[PDB]
Amino acid sequence: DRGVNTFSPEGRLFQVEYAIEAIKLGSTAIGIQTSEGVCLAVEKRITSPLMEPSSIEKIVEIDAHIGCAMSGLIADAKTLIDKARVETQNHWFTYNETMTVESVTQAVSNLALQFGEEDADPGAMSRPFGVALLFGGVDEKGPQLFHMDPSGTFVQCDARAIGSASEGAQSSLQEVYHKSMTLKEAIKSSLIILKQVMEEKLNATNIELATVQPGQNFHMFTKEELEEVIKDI
Amino acid sequence: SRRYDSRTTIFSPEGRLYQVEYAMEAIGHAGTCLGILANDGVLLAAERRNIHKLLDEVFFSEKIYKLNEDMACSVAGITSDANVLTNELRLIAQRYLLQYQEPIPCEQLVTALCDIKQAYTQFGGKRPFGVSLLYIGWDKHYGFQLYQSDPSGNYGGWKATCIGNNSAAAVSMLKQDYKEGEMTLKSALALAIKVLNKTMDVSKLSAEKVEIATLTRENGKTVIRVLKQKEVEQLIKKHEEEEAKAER
Amino acid sequence: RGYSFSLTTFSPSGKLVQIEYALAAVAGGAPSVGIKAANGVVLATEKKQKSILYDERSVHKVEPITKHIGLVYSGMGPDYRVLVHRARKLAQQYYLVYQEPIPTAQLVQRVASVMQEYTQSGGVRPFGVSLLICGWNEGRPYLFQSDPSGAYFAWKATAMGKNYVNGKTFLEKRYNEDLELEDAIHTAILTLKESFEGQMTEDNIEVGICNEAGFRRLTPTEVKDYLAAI
Amino acid sequence: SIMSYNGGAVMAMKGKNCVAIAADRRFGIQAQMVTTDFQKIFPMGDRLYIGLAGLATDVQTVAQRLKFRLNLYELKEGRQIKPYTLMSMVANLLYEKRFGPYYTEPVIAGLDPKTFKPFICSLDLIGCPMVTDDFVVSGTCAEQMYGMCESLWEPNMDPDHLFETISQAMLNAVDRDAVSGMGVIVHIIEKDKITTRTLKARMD
Amino acid sequence: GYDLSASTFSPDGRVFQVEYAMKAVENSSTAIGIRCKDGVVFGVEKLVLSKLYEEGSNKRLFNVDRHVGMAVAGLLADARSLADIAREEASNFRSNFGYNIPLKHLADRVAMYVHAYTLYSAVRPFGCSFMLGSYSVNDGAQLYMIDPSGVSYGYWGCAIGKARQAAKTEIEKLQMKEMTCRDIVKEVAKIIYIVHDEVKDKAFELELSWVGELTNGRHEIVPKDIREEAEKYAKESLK
Amino acid sequence: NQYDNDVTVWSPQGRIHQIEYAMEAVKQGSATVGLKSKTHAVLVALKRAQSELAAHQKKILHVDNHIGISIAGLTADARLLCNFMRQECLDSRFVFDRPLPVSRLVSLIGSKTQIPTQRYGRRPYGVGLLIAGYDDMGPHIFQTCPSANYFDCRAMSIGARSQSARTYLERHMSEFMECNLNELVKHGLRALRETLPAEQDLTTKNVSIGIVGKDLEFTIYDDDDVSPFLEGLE
Amino acid sequence: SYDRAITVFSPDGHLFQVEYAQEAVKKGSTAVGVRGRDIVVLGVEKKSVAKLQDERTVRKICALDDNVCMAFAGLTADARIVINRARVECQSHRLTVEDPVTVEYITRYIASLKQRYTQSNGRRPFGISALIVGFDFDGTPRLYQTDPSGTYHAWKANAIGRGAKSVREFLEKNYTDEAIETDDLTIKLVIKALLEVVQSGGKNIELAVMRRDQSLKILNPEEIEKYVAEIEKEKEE
Amino acid sequence: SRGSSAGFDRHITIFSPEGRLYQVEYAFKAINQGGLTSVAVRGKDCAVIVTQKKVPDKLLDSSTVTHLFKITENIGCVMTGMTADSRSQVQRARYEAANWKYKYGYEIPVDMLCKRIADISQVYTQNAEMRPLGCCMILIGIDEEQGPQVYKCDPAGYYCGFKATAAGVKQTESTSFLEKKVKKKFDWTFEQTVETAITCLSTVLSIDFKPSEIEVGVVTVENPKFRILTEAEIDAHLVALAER
Ligand SMILES: [Cl-]
Ligand SMILES: [Cl-]
Ligand SMILES: [Cl-]
Ligand SMILES: [Cl-]
Ligand SMILES: [Cl-]
Ligand SMILES: [Cl-]
Ligand SMILES: [Cl-]
Ligand SMILES: [Cl-]
Ligand SMILES: [Cl-]
Ligand SMILES: [Cl-]
Ligand SMILES: [Cl-]
Ligand SMILES: [Cl-]
Ligand SMILES: [Cl-]
Ligand SMILES: [Cl-]
Ligand SMILES: [Cl-]
Ligand SMILES: [Cl-]
Ligand SMILES: [Cl-]
Ligand SMILES: [K+]
Ligand SMILES: [Mg+2]
Ligand SMILES: [Mg+2]
């Protein structure tokens, strides 16, 4: 036993490495960025028929132009999601403009290494966040997808998977993605890929899907809109 | 410093809190202390550990503490820890009285102390208090009451109980003799002596070795008294006369 | 900063071993005795006084807290000085509020409470001393012991430090309720002679007394006088 | 004046082996009477009372905060508080607020719980104590009160004579004061009993 | 083990963490100071670990007040932090008392700061030793040296780092009490060249500074032309 | 071993293993190069891309009109330090109405980054920086380390396989002072290219460039903007 | 003040304190919740029995507000802290919104409290799970569950505590539109679910109901053993 | 018991199973690391401190090598043990004395200054996070009623006034020598106080000093200000001794 801010001989923070491993215990989520908008899709991972599926929320609205998909230790994600929400509203308040997807992601990622047990306030963070996040949205740069992990590293991706089957899903993504792909194509592709990787049979209640498009605000797919897409797949 | 921190406020692998358990072992070795609820009152009876010949006898008891007008307690475990907690009980009871201008209801005082005990098991890195308490009282909501708390910050109400040395045996004898809804202070007193007589099996029971307090109501006022040695010997006498009847 | 965790904790068997171990430092300390007579209290202690080079008068083990209360100890001297200082401060705090000297028992309770803190509070060990505290108030003598746990006890007579078990049985077979203070001083000094080693002089024991007139150390010359008989 | 916002009067008086404490009963706000049974004298022991005149809110706060402290004292200490000690406790409570004081000037009356010796005192609003062997007065008619006490009080009075003297001192004093009265209550404290009386008094 | 914290004595009464910090100074290349008739001269064997570095990079000689130089060995980040402490102490002294801090007092103050890092598990000892030099008409030339334990002494000559002993033995040959700063700089350079191990560590820069009558009591770098002449004298003297 | 978990624990050889371990975070970063002429200071960085569909991590950051950085190691520590530098620069323009001299800013980095190496429960910064700047003393390249040491450089490379880049830079460094800007950036690119596996090449997707000098505020070139510099590596 | 990091990651992404907190919950008395059509029911085992106990003083079902209650399993002292914190929060909500909390709002608050005690220095996690029930302003009935991690979900029915696995299995098979058509059957479903695991059935099931607008009613032993006989004589047939 | 150990009782100041404080014991060993011995003696007219002065290195400015320190005008001290610790303790003593005079309007008594430093040292024996100071302080001054004073305090926080005492490597042997000499003397009191101190030191070290190898500090009833003897002054004592 050693402190939470101890480096390994390889130059990595043990706690951060260990937090990255917790992401592998999450359900799979996928993001794809097209010139017509971004989609976010996530495996719900229902553990009992008695559980209400709509109470699993692994895709959330950050603001009208920005959604977020999470995988890993979901309870940890709450303060991150709330920070993103507060930050975009502060930016609107101060600057009367929407905050960029990149900027939001940056703000949240600045929390990542703020843990430790003798710099900080009487009960500050004791450990990093066991969560990875995909921020998908539209700003003046156009549609955009960004990934962030517990190291606070963040980067734009054209398509990305996270969670348990991300290897796998990321391969199928390299295979199907192309820069001129339509949003409808990307939606089909991410449901086809979820369908491969999911232990359970895919259906309209054990996945979620959302989009954001230059036209149109953050939109969570209804049961009925999922059922329509699921027919081809 | 992480090397020296014995980590008093963490879970063990089975979801246990070792300090709390260990503190409970300290209590089980302390002086036996019982509480018995009756229709007309409530009592505490405790084994004295302050029994050497050269001791001086200066307070009105060893382990019975007045908390406010309507309540008292006894304790089993680390004495100095008990002094901290009983001081805190008195403070809580005056805070209430200041604020509401009525006596703190019994269960509310117990729960307030128990929340302090609980905190000590959850944060702050300190050893818990090594004290279990029995609380006797009257309030206008539930009348005569008896409560028990332990170092986990857990508590419960009882019609009769025991903490400290030979607790398990004492509770068995209570289970068997206690008449729910039909006890008087006089018969609770007899029973208390019967129980201590069995559970102080090191050795032959004597007034110098026990302390008894009663809590009754007289003319709309709570009366809390520690029995004098004359009365304690009389009850011991009566119990010894009673066991002479036991066969024929 | 300060360590914020307790250094005293429960062992599996329910023991606070740091407090036991503090009691072992007390037991290895120099002997102290207190006897409560009918009309007063005597405190007496052996000086662990090596060398003729020591100026015996330069530090005292028997100390005044107030005009009417005094203390002695067995165990670690420097720990005792802490408690003497706090006891004095406690007594004055009481006097400022109530305008009456602190009753002996109240003083013992507040000092004992400090000792309890050092068994739980963060980054500290318990005090390695036991105190004998004498006083006179409500027209009557008091003798108390306060131990490293913060437990206290009222005694008619007792002994602490090296060879205390024997000292206690020596006093059992010697104290009576109706004993006078001057006789009590004699029996206190005899109790020290039971475990002395070295030949007693007025310079290697220290004696304090407490009665209606107040608490004071006996002077070397007064001790010399009691020593002629012994 | 803050001290006259509510009006009111208290006094205490020593007799042989007994003491007396009295108060008017009006609670009013400037000219307006609100009630006529407002308590100003509070038990602090079986044979020890405290009377408070001044701003009604502080009368109640001081009585309550004092009781808090006293109850803790008595639980910790063996025993019932001595009169002189109560005075000191009250002094210390009032002087903590030296720079934002409670607007009350108490009188204390009692018998020592062991010796039954009579004690009376008063304090100013920042806790300066004053013990006397005759009487003390506090309130919006203190001059009137002094004039009655100086003229009527004698030493070594029996309980009946003490009751008449303190009663006549209060009634006649408050009847020269617009904002005190609406009734008088008197407690006579003796070794073996407390006698509590309300007086026939002007109600204007 | 007894060697993990500066708040733990070993059974023989040592504080190994302070000893380990001293080992860091002892691994460093050598710095020397010499007090003479009219001032103090400092020299450092400044190992050049890459040819990619600028001349002057990683200076080991600092101005801590206008009259006070500091020469360091050991972990350089710790030394720089100490130079900041020294600077702040000299600045605060001037603000409070209204005159230039006397060398000895400055040495004693910074030494107590170093000392404070030798008592606690909360912090570690500084991995550096350093010399302070000054000159004034009133106080003369003064040279002090402070080590990781916080001990502070004054010297005629001093050396710190890995060839300390070899340096001292060369310094002992000078009658420095009767020499001037201008004569001593050459001898400083000479001694750095003597103790330098040209086989084991390949490239060094000589760093030189001084404070004395000739600089009017200001601590200054030795001018370039005088340093080069001193190097040339040291190099030829090695022959 | 008992000596490697706390930045406050000296080893018996006079080393601090936590600081050495922090330096490994920089050695494992992607390589970056910094070099200068008489008139300009240039940074060149290789961007590592997580997947084939990821953008490539930012390596080069704006600090002030006259200062930019290249990073290697923990990106979150890089941002924390970069934000410190930014703030120090703003403070100086607010107070003095002039740019913060580059060597002073680097001093402030040394002092700031040393502090946690000496306190229990803190850790070093796990990042190394190359700092390009231009002030009254001309162009600069500085290097900062997790040890809190820093260096003033003719040129430098840190990160994975940077030894190769350092060798190239030593080989050609006598040419740098007199180089025009195109020449100097070409040199930076050739040095960076030595760090690559022999198959692979510099592309507009993997190279980022930062330039400041006498005529030119700190400017970042990415993606299509690096092509002019990449063509005529002739 | 004590700032030790208590909950930390281990290799493979475990949070051992949290896993140990979950072990505490698994040794608690079984608790079961079912969401009816227009009723919600909570039932809980035992815990000790003991004739000399004052039963009123150890209930494991607790009102949070007029329209929300909860049961818990695990460390009972920890539960009391969570319950009091939630009770305070229900009064802030009413203060600042002038509506009662939704069940989801207070659940989300409790879960977030629990999550914070897994990521703050100087503290261990709460060793409890809770089943939180009531109705929303618009009449919709609700059952949520929280655990030591701070995770929460809504359920049709669920069990926590010792024997949760088998009680949950039983509910999965027995929760149908038919079993919850009425009030009595909803209640009888909860009792059947307990009566599977409950040592000396039963005897020591404590049970409570909440109707739309009607506030928490706890059943008494007389009303409980009515349902017990009414289910046991049906299982002979 | 007999040297037993549990848990961390050799690393921090917690009790061992016999009730010892090993860390405190180890601080006493640290006092000897320095290799030096100090002696202090008091008579009716004066008090004296003598210590070894070892200047192994020629390159030291020997005027800066001392273990004698002025605390106030009227209080002097000799420090034995770890040097930087000693200096810290000297600073604290200077602060305590100055503070006392500012608050109380008269000079701190030597006994009170010694008690204060010892009380501060006590805290290091009870709190776990810092070590004791591995040094020992001997104070001299004139008290207006009691005459010349010698006081000593140690890393356990013990303190005492003395007729004579010693510290460091040869403390035990010094103590033996001084005891043997006072018993001989009428009313158990030293009269030739500077000679006793130097003689004690010379015997227990077997050296026969040069005047540059010891330092001597004094306070006298006629001249209470603490004074450090010059080399020539010390030489006069060395020569007066050598000639009988
Ligand atoms: Cl992943
Ligand atoms: Cl009360
Ligand atoms: Cl009450
Ligand atoms: Cl801590
Ligand atoms: Cl004191
Ligand atoms: Cl007093
Ligand atoms: Cl005295
Ligand atoms: Cl108050
Ligand atoms: Cl060195
Ligand atoms: Cl990198
Ligand atoms: Cl990173
Ligand atoms: Cl470095
Ligand atoms: Cl590198
Ligand atoms: Cl909270
Ligand atoms: Cl469960
Ligand atoms: Cl002054
Ligand atoms: Cl002599
Ligand atoms: K210590
Ligand atoms: Mg009137
Ligand atoms: Mg009228």
# chains A, B, ... in the order shown; residues from 1 in each chain; ligands from 1
$ residues_around --residues "stretch 170-180 of chain H" --least-positions-apart "2" --cutoff "8 Å" --atoms "only C-alpha atoms" --output "PyMOL selection string"
(chain C and resi 51-53) or (chain H and resi 36-39+164-168+182-184+200-201+204-205)
$ interface_residues --of "chain E" --to "chain B" --cutoff "12 Å" --atoms "only C-alpha atoms" --output "compact mmCIF listing (two decimals) with C-alpha atoms, in the first residue's frame"
# COMPACT_ATOMS: atom_id res chain seq x y z
CA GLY E 1 13.56 0.02 8.48
CA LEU E 4 12.55 6.21 5.70
CA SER E 5 11.65 9.44 7.50
CA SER E 7 11.28 12.19 11.96
CA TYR E 120 9.40 15.69 9.91
CA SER E 121 7.78 12.86 7.92
CA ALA E 122 5.83 15.64 6.13
CA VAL E 123 8.75 16.90 4.15
$ residues_near_ligand --ligand "ligand 20" --cutoff "8 Å" --atoms "only C-alpha atoms and all ligand atoms" --output "list in words"
residues 178, 203 and 204 of chain D
$ select_by_dssp --residues "stretch 80-191 of chain D" --states "strand (DSSP E or B)" --output "list in words"
residues 104, 107, 108, 109, 110, 111, 118, 119, 120, 121, 122, 123, 129, 130, 131, 132, 135, 136, 137, 138, 139, 184, 185, 186, 187, 188, 189 and 190 of chain D
$ write_last_selection --atoms "N, CA, C and O atoms" --output "mmCIF file, in the first residue's frame"
data_model
loop_
_atom_site.group_PDB
_atom_site.id
_atom_site.type_symbol
_atom_site.label_atom_id
_atom_site.label_comp_id
_atom_site.auth_asym_id
_atom_site.auth_seq_id
_atom_site.Cartn_x
_atom_site.Cartn_y
_atom_site.Cartn_z
ATOM 1 N N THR D 104 -30.861 43.866 30.277
ATOM 2 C CA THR D 104 -31.501 43.462 31.463
ATOM 3 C C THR D 104 -30.598 43.621 32.667
ATOM 4 O O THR D 104 -29.383 43.450 32.567
ATOM 5 N N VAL D 107 -32.002 41.071 39.559
ATOM 6 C CA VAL D 107 -31.847 40.944 40.997
ATOM 7 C C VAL D 107 -31.933 39.468 41.316
ATOM 8 O O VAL D 107 -32.708 38.759 40.719
ATOM 9 N N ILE D 108 -31.169 39.056 42.311
ATOM 10 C CA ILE D 108 -31.218 37.713 42.829
ATOM 11 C C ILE D 108 -31.621 37.715 44.298
ATOM 12 O O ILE D 108 -31.146 38.531 45.068
ATOM 13 N N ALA D 109 -32.469 36.757 44.690
ATOM 14 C CA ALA D 109 -32.874 36.610 46.070
ATOM 15 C C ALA D 109 -32.887 35.143 46.436
ATOM 16 O O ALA D 109 -33.495 34.367 45.778
ATOM 17 N N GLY D 110 -32.231 34.790 47.523
ATOM 18 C CA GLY D 110 -32.328 33.463 47.998
ATOM 19 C C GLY D 110 -31.762 33.178 49.342
ATOM 20 O O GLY D 110 -31.263 34.058 50.019
ATOM 21 N N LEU D 111 -31.829 31.894 49.692
ATOM 22 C CA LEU D 111 -31.242 31.394 50.916
ATOM 23 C C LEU D 111 -30.156 30.400 50.541
ATOM 24 O O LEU D 111 -30.304 29.626 49.585
ATOM 25 N N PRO D 118 -29.749 34.422 54.360
ATOM 26 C CA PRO D 118 -30.301 35.254 53.295
ATOM 27 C C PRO D 118 -29.268 35.954 52.411
ATOM 28 O O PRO D 118 -28.278 36.436 52.902
ATOM 29 N N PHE D 119 -29.556 36.034 51.126
ATOM 30 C CA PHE D 119 -28.696 36.704 50.143
ATOM 31 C C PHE D 119 -29.520 37.501 49.168
ATOM 32 O O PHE D 119 -30.524 36.991 48.650
ATOM 33 N N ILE D 120 -29.101 38.734 48.887
ATOM 34 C CA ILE D 120 -29.693 39.502 47.785
ATOM 35 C C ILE D 120 -28.618 40.268 47.043
ATOM 36 O O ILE D 120 -27.578 40.646 47.627
ATOM 37 N N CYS D 121 -28.828 40.462 45.749
ATOM 38 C CA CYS D 121 -27.887 41.234 44.955
ATOM 39 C C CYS D 121 -28.572 41.745 43.719
ATOM 40 O O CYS D 121 -29.704 41.360 43.431
ATOM 41 N N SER D 122 -27.896 42.626 43.003
ATOM 42 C CA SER D 122 -28.294 43.014 41.724
ATOM 43 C C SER D 122 -27.089 43.139 40.844
ATOM 44 O O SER D 122 -25.939 43.198 41.328
ATOM 45 N N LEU D 123 -27.313 43.175 39.540
ATOM 46 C CA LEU D 123 -26.208 43.401 38.640
ATOM 47 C C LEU D 123 -26.630 44.389 37.594
ATOM 48 O O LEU D 123 -27.743 44.422 37.223
ATOM 49 N N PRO D 129 -21.444 43.083 39.788
ATOM 50 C CA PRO D 129 -22.294 42.670 40.915
ATOM 51 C C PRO D 129 -22.316 43.651 42.087
ATOM 52 O O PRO D 129 -21.358 44.399 42.351
ATOM 53 N N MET D 130 -23.442 43.673 42.748
ATOM 54 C CA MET D 130 -23.637 44.444 43.910
ATOM 55 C C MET D 130 -24.481 43.646 44.929
ATOM 56 O O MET D 130 -25.666 43.515 44.766
ATOM 57 N N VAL D 131 -23.842 43.191 45.986
ATOM 58 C CA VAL D 131 -24.495 42.587 47.141
ATOM 59 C C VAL D 131 -24.875 43.647 48.179
ATOM 60 O O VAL D 131 -24.066 44.494 48.479
ATOM 61 N N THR D 132 -26.066 43.541 48.775
ATOM 62 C CA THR D 132 -26.452 44.380 49.892
ATOM 63 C C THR D 132 -27.063 43.598 51.025
ATOM 64 O O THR D 132 -27.549 42.485 50.838
ATOM 65 N N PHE D 135 -31.795 45.866 50.467
ATOM 66 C CA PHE D 135 -32.634 45.718 49.322
ATOM 67 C C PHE D 135 -31.859 46.068 48.121
ATOM 68 O O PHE D 135 -30.850 46.769 48.194
ATOM 69 N N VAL D 136 -32.428 45.697 46.996
ATOM 70 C CA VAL D 136 -31.980 46.075 45.682
ATOM 71 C C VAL D 136 -33.206 46.288 44.810
ATOM 72 O O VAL D 136 -34.261 45.719 45.073
ATOM 73 N N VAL D 137 -33.080 47.140 43.810
ATOM 74 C CA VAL D 137 -34.175 47.515 42.916
ATOM 75 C C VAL D 137 -33.647 47.618 41.489
ATOM 76 O O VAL D 137 -32.498 47.959 41.301
ATOM 77 N N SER D 138 -34.487 47.341 40.497
ATOM 78 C CA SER D 138 -34.061 47.489 39.096
ATOM 79 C C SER D 138 -35.322 47.754 38.260
ATOM 80 O O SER D 138 -36.349 47.112 38.466
ATOM 81 N N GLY D 139 -35.302 48.730 37.367
ATOM 82 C CA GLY D 139 -36.426 48.924 36.456
ATOM 83 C C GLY D 139 -36.675 50.385 36.160
ATOM 84 O O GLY D 139 -35.909 51.245 36.564
ATOM 85 N N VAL D 184 -48.846 43.227 40.688
ATOM 86 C CA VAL D 184 -47.622 42.903 41.402
ATOM 87 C C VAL D 184 -47.653 41.459 41.931
ATOM 88 O O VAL D 184 -48.625 41.063 42.541
ATOM 89 N N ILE D 185 -46.564 40.722 41.721
ATOM 90 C CA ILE D 185 -46.362 39.418 42.297
ATOM 91 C C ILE D 185 -45.215 39.454 43.299
ATOM 92 O O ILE D 185 -44.210 40.132 43.060
ATOM 93 N N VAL D 186 -45.362 38.740 44.404
ATOM 94 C CA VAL D 186 -44.391 38.708 45.483
ATOM 95 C C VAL D 186 -44.138 37.251 45.905
ATOM 96 O O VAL D 186 -45.067 36.516 46.192
ATOM 97 N N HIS D 187 -42.860 36.885 46.004
ATOM 98 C CA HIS D 187 -42.466 35.595 46.525
ATOM 99 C C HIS D 187 -41.748 35.851 47.847
ATOM 100 O O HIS D 187 -40.771 36.594 47.877
ATOM 101 N N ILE D 188 -42.203 35.232 48.918
ATOM 102 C CA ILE D 188 -41.447 35.232 50.156
ATOM 103 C C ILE D 188 -40.743 33.861 50.277
ATOM 104 O O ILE D 188 -41.395 32.833 50.304
ATOM 105 N N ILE D 189 -39.438 33.883 50.443
ATOM 106 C CA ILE D 189 -38.623 32.665 50.555
ATOM 107 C C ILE D 189 -38.143 32.456 51.974
ATOM 108 O O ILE D 189 -37.374 33.248 52.514
ATOM 109 N N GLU D 190 -38.556 31.326 52.536
ATOM 110 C CA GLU D 190 -38.185 30.874 53.874
ATOM 111 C C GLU D 190 -37.526 29.469 53.774
ATOM 112 O O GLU D 190 -37.641 28.795 52.754
#
$ residues_near_ligand --ligand "ligand 8" --cutoff "10 Å" --atoms "only C-alpha atoms and all ligand atoms" --output "PyMOL selection string"
(chain B and resi 95+98) or (chain D and resi 61-69+93-94+96)
$ write_last_selection --atoms "C-alpha atoms" --output "compact mmCIF listing (two decimals), in the first residue's frame"
# COMPACT_ATOMS: atom_id res chain seq x y z
CA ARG B 95 -29.68 22.26 24.09
CA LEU B 98 -33.10 25.77 25.71
CA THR D 61 -33.18 34.92 26.87
CA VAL D 62 -31.11 35.58 30.01
CA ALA D 63 -33.45 33.52 32.20
CA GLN D 64 -33.24 30.61 29.64
CA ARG D 65 -29.53 30.74 28.95
CA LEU D 66 -28.86 31.05 32.66
CA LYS D 67 -30.97 27.97 33.35
CA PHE D 68 -29.02 26.04 30.69
CA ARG D 69 -25.79 26.88 32.45
CA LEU D 93 -22.82 35.48 31.27
CA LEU D 94 -23.61 39.24 31.02
CA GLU D 96 -19.41 37.95 27.65
$ residues_around --residues "residue F:32" --least-positions-apart "5" --cutoff "12 Å" --atoms "only C-alpha atoms" --output "JSON, numbers by chain"
{"F": [26, 27, 42, 43, 44, 45, 46, 47, 48, 58, 59, 60, 69, 70, 71, 72, 73, 128, 129, 130, 131, 143, 155, 156, 157, 158, 159, 160, 161, 162, 163, 164, 165, 166, 188, 189, 190, 191, 192, 193, 194, 195, 196, 206, 207, 208, 209, 210]}
$ residues_near_ligand --ligand "ligand 15" --cutoff "10 Å" --atoms "only C-alpha atoms and all ligand atoms" --output "PyMOL selection string"
chain G and resi 22-31+72-74+128-130+145-148+158-165
$ residues_near_ligand --ligand "ligand 3" --cutoff "6 Å" --atoms "only C-alpha atoms and all ligand atoms" --output "PyMOL selection string"
chain B and resi 68-69+97+103
